[PDB]
Amino acid sequence: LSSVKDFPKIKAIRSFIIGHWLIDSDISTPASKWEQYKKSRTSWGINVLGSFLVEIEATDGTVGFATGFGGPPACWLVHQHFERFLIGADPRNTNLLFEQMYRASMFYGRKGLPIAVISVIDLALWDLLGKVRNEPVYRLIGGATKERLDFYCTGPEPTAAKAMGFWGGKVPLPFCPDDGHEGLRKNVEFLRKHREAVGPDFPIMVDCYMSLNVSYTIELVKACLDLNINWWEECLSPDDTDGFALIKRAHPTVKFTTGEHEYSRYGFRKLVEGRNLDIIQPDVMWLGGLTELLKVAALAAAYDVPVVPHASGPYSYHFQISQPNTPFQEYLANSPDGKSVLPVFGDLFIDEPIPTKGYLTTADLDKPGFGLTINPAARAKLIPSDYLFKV
Amino acid sequence: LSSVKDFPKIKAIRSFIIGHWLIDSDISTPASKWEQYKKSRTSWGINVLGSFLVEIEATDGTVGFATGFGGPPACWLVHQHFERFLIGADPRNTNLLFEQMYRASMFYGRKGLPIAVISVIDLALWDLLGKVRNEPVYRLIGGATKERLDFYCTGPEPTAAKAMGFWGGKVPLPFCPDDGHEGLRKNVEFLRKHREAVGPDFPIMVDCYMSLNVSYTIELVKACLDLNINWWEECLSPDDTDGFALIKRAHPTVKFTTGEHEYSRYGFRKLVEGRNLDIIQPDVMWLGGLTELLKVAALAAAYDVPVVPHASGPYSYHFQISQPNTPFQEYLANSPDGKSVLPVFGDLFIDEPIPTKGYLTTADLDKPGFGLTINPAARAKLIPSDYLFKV
Amino acid sequence: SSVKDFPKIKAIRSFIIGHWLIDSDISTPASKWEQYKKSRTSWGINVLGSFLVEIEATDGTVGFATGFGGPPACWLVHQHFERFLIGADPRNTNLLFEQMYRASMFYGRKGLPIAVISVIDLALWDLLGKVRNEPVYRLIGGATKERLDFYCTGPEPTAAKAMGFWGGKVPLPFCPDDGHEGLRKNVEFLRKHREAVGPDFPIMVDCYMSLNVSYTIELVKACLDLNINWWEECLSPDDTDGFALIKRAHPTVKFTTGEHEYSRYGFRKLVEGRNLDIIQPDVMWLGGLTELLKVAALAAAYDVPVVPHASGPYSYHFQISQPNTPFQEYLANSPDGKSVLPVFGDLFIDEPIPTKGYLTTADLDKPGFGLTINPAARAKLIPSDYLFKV
Amino acid sequence: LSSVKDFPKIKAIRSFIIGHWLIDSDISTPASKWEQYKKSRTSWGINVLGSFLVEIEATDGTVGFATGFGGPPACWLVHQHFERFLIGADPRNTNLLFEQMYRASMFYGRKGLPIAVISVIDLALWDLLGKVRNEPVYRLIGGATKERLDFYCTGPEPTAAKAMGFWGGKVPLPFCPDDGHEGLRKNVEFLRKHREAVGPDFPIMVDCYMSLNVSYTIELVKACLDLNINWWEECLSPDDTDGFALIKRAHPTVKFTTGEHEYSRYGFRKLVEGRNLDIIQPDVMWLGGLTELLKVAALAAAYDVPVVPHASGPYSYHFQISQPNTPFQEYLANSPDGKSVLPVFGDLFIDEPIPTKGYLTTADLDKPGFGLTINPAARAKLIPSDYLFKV
Amino acid sequence: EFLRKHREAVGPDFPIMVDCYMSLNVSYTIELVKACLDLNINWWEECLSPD
């Protein structure tokens, strides 16, 4: 109509493959049951997929983009499956586009890698919407509910996190249930040593990276009771969310969290049912994107379950600033020693906002879209997906 | 900072008081218990509150407005309580402004009248935001998930509704539980007559306006089984949603709906819990506004429960077009005979979209904000709320 | 020394393989939208393509299997999963599954990467049978029956009946967004089939994930005089909980699911509550034969029939071997749905096909899964090597 | 057919009867209620059945065999009942032969003695299968999931277990509920001694041989809370597995196990239902055989419940090495002192693998079938069962 | 520390109750009450929103 804005449609979509303690220190993993896969996270293939970037161009030549893990496979699906839904569409139709992509990929999807593809496309749409409107994304999804974003820090050195101004520190659990009682005692001593370094009052959380079981979790938490661990994250496989009832029966005054490896509003509904998890912790680059996360967050708020997303850079920041039920978030200490903070996406972007003092403000986010500009140095690192269709 | 759009803050807020079968025909109500209150709906005071209008003016002089039921005590609360949170605020801060207004009014609110005040402010905010942006509200809340909105019609003549091309007709139940087995027999014959008037194929739904109980509903539904009633609406008091389990135990192939007189995300979580309700039916002018409605809709979407909100003009149309789980919409045949459709806000606007052929399109909603302009003839009728503060 | 020295895995190779099913009226999750409801290809049911994995042992015995998954599946084979396989004893089926499942857990658990694991696992079992000169069914518990009885999936259950199949499964044409007209037309579609085949021939209805609880309850009510044998995949695999509500409404009516569910953890939910009369795993999709055997055993503790998706020999060797596996599906993949073609087309020369509606143990008495690649179709095998040329 | 192996069918079946602290020390039993059955385990008749051995012969002359408890009435049932199913059959038909035997014996079976007869026959089938193929049984049922079997040791001297190199020690509970509060404090002292003897780090488990009740268990466990007991085994009658819910309500951080006197996949589904048992512990010679234990393990694996079967020689070892959910197992200290480890079937076999250092490896199992060759010295002791059928 | 000082001022035996004026949540209530276990607080009042 000639009463309202003639918003640009989607013209073209392009995709690109992007060419220490995190892989080389002791971390308990689903694959730590086997001797040759426990010393190194790369050995069983944590870094297998790599990273990709999706650009979406509108008819006015505005380009929105986003990045995520998924790599070559992800890029293949962008063009082969999902592009048909996007070309010629109005980018403001985020509800319809998500549902179309989710429901059309349902026979091979619902969880896992196809939904990571969907997420990154969705984030690129939101980037595009911001950039057309000359507005930051957080201003399009409900405003700011706070002025300051508080952060906890994830890494092997919570003394560093404390020094930098983060309110809490998150350490990886080193040993898995297959290390037996000796591994359990060593886990206790690892955590004891961190509590003693930071003092009695600094929040310590423990990441268990999907690696434990019910019995082990119960035995481990019981042994650590005087350490005052703030929460225990991802104790069980995401296949066994039911086990949290049995953990809560044993430890009902202890906080437990999960959800980094769960997907869609249907996945997260089970996490909120029964109320056995104190925080749900979705990854916006993984679950379905920002449109779906907004639905996850509204479901959790109905039960007053905090949503504290996985460190996703600006993709999580705009979300966190905007919601009633989203109190703080994760930053990764992604320096080799774990003692300083570096940009989450490396030298891919120029203008990444970094919480050097353990926080960010709304002003830090006041750039169009998700506020990221590709480093024109690292444009040469962006390998086009063209070769994957050269059959 | 200067990278992004400089959005106008809220300058001023003004509030105004607005100065047949629906009241006079046989309708079963909560007050149908007692002899002098069952003949007329006005007698016990369905019309008691009256109507009010809220304007919100921005610093660039853009005005957004919304109307609702509430009248004089609603206007009182606008300025006495809720104005303080709003003046000087960014109108994009919808999440914040709601959470403040709700949690501040929690000592006398949560349900009912003060929440209706919050709804109208929120809707006026959305109107303003659409107007500044030169965009319809629906293009701001997720876009269009469909091109066409299909309408059923509420009133005493569903043959009329059939003739107008509405897909269904919703008739009100004439007789209450206290009219006994005679009243039930007359209820059955009432519904039987409508069925043979419209023939075997046309959807008929029955509105019980909060007025029945578990045993009576079960009896009435049983007696009407071969009349193929599509759904039974608001059979119980909103005080006893728990009875819907017992009703579903008796009649599990039969469709039951409720929610018109329920409020907040926390009210509606009950109704989605049992999955004993086939549709939930919030009133947007009543539940807390569009900002809260979107959250209710997201919770319901995780369970694939349809939200088909109350007939609220453009405020529900923009919502209905935008969601995955919002398949169709109510219109009320608010003519005296029930045989034509009238504008829902009467004289007040010049350009209400009305589905005179039983449907609306996205093109009908393609005007800035909620797309209503006040009729300048009716501007005499709106009386400033100043007098209510002259103590 | 006293025991056989079994060959270890030497190498792994992968290859991309280069109508009513796509162009008739079928209800689908994407039937919500006008542009995606006439065609099944439009929203991309055919998107992934097919792939084949060969596994070669140190003695030059080659095991293989094929599935859907195509180029991104191949990619995953060499990039992720090959590291667990080279140099391993192929008899270690339990260890190799657990490694592959738990290594891929951060991006896996359901969907595409599990389809990858499945085909790898099936190829391992092919190899194991081939080394031992034995059919797979003789390695996984023997024959519990002599005869596999088939039902037929397709739009012509009269053709099914005539061909010797014991039952016929039809696709539901219209979705819940077609409204009450769609429901009436659905009822009419099913009446026509009941009337054509007569009162005693079993018909079952494939709903392909497309419905919701309320619509399913209404539709099943309207068809009650038609004596539908079962209703298959009424809900999204995201909402298996809804079957409690459906069974509350219709406890005498049979409901099935499980085609698009994955792993022993996914399937346990479908057995809890016993709201599903049959579970229907896809062996090429769920995790493979190693995991299917575990799903089957779980189910058998509660006497739930497991009746797999049509997967050719990969399901036949399963179905013949288990106590709780009473029959299975064949897909009528001729264009008219009036005859039976091979499931994998022209890729193999020696597919067993139930032209008279059954198979025997004798039909399955070939080494491994009993499939031999057509050397005319070997030129269609595109090597996956182009996908790593970055 | 002519394309595959021509596999030998079963030609013949033979059965044979085989002609300290465990019977004479303080152990709590179900029969410890009464004075004259308290001091001696033989007095109420633990030894009453005796042992038997079944040989299965194929048409190529290959013989598989297995041994278990059951003795004369077991041998009776082999030929009277079960022989009819086996002669002429393919021994690869393990799935057929179990269901046939089980469902045909259902009228007097399901649990107990006839199921023991089923187990031994099935174990002799697997031995034959391994022997014909020239492969160990574990390489036929899933391969090795681990290189090492770790053992804990069961008997009255855990310091002996510790020294021999077993990772943990399981002691029998001396006194029953009918020994009163004095018996309770005696039980507590027993256990406090053993904790003192082995020190604070060494795993101690307690066998309660079906002998306790819910209230006793709850009181005894609470009284031993300082003694960090690893698990409490078979506290309840196998008839009262529902009581574990009540025990876990009192003691949710304590581990409890059972299963030794349970039978079939249907018996065990109950134990995994509700997840009130940390470990299930079937006896492979008792529950229905290897074919059925494979199905029990799979059921348990879906809920990540450890199966740690009763000590049954190579019959357990091949199973334990093969499965994802089977972390260690049991060896019994079957010396008179309880201070050394001896073959579980005594002098019957020449080559029984014994974990003298508290472990076994996959190399130890690398003999065809279950790896047991029968001692021709002990071949005189095998009484043929023919006398039982001379009426 | 607020509540410990009140326990100490009135001594061990006098009943003290805590009004939380609808202001807490489940996690914080559970944590707070745990932290105050030796204070023998008699009851905790309106910890949760009436919603």
Side-chain angles (χ1 to χ4, degrees), chain A residues 13-19 45 48-54 68-85 101 104-109 112-118 120-121 383-391, chain C residues 11-18 41 43-55 64-83 85 100 104 107-108 110-123 282 284-285 344-345 347 373 377-390:
Chain A
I13 177 165
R14 292 171 301 269
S15 66
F16 295 99
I17 293 108
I18 293 140
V48 74
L49 300 168
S51 288
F52 79 119
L53 182 123
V54 164
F69 291 105
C75 284
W76 193 90
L77 299 159
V78 170
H79 302 282
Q80 291 292 120
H81 204 176
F82 296 129
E83 169 168 7
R84 75 189 74 201
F85 304 111
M101 288 180 61
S105 69
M106 193 179 276
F107 73 102
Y108 73 96
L113 170 76
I115 316 294
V117 186
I118 299 179
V120 175
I121 293 171
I383 304 152
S385 53
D386 295 345
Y387 78 99
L388 291 158
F389 318 106
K390 250 101 195 213
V391 40
Chain C
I12 180 159
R13 263 167 268 100
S14 67
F15 299 91
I16 302 102
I17 288 106
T41 52
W43 58 266
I45 205 188
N46 67 315
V47 67
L48 299 174
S50 302
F51 79 120
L52 180 136
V53 172
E54 296 183 324
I55 294 162
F64 54 84
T66 191
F68 294 128
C74 295
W75 195 89
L76 285 174
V77 171
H78 300 285
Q79 292 302 112
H80 207 175
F81 298 127
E82 165 166 18
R83 78 188 72 204
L85 297 163
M100 281 180 65
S104 50
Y107 72 96
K110 317 275 193 207
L112 176 53
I114 312 304
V116 191
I117 297 166
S118 310
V119 171
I120 297 201
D121 182 77
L122 288 161
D282 195 315
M284 292 170 305
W285 227 236
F344 305 115
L347 175 58
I373 306 170
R378 215 166 202 114
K380 281 195 280 286
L381 299 191
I382 304 142
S384 62
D385 309 326
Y386 80 100
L387 293 157
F388 313 108
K389 255 106 185 193
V390 44

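Protein chains get the first letters and strands the later ones, always in sequence-line order, with residue 1 at the start of each. Computed over heavy atoms, backbone and side chain alike; hydrogens, waters and symmetry mates excluded.
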Contacts of type ring pair (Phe, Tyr, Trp, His ring centres under 6.0 Å), residue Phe81(C), not counting sequence neighbours: none
Listed partners of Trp285(C) passing side chain to side chain donor-acceptor pair (under 3.5 Å), at least two apart: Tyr262(C)
Partner set under side chain to side chain donor-acceptor pair (under 3.5 Å) for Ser15(A), not counting sequence neighbours: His79(A), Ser385(A)
Distance-minimising heavy-atom pair for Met284(C) and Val119(C): O-CG2, 4.4 Å
Any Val54(A) side-chain heavy atom under 4.5 Å of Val78(A) side chain: yes
Validation row: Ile17(A), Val390(C) side chains within 4.5 angstrom (heavy atoms): no
Spacing of CZ belonging to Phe15(C) relative to CD1 belonging to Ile382(C), to within rounding of 0.5 Å: 10.5 Å
Nearest heavy atoms of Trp76(A) and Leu388(A), plus distance in Å: CD1-O, 4.0 Å
Partner set under side chain to side chain donor-acceptor pair (under 3.5 Å) for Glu54(C), not counting sequence neighbours: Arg13(C)
Closest approach of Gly70(A) to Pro73(A) (non-hydrogen atoms, all atoms of both residues): O-CG, 2.7 Å
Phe85(A): ring pair (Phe, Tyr, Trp, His ring centres under 6.0 Å) partners, not counting sequence neighbours: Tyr36(C)
Residue pair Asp282(C), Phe68(C): steps toward the side-chain contact (heavy atoms from CB on, under 4.5 Å) verdict: CA-CA 11 Å; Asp282(C) 195 315; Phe68(C) 294 128; over 6 Å; no
Test salt bridge (charged side-chain N to carboxylate O under 4.0 Å, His left out) applied to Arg84(A) - qualifying residues, sequence neighbours left out: none
Atom pair CD1 (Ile18(A)) and CZ (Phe52(A)), whose distance is rounded to the nearest 0.5 Å: 8.5 Å
Separation of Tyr107(C) OH from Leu76(C) CG (nearest 0.5 Å): 4.5 Å
Interatomic spacing from CD in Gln79(C) to CG in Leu49(A) - rounded to 0.5 Å: 9.5 Å
Close side-chain approach of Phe344(C) to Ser50(C), heavy-atom, < 4.5 Å: no
Atom of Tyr386(C), atom of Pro71(C) and distance for their closest heavy-atom approach: OH-CG, 3.8 Å
From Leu113(A) atom CG to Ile114(C) atom CD1, the distance as rounded to the nearest 0.5 Å: 11.0 Å
Inter-residue atom distance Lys380(C).NZ - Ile373(C).CD1, 0.5 Å rounding: 12.0 Å
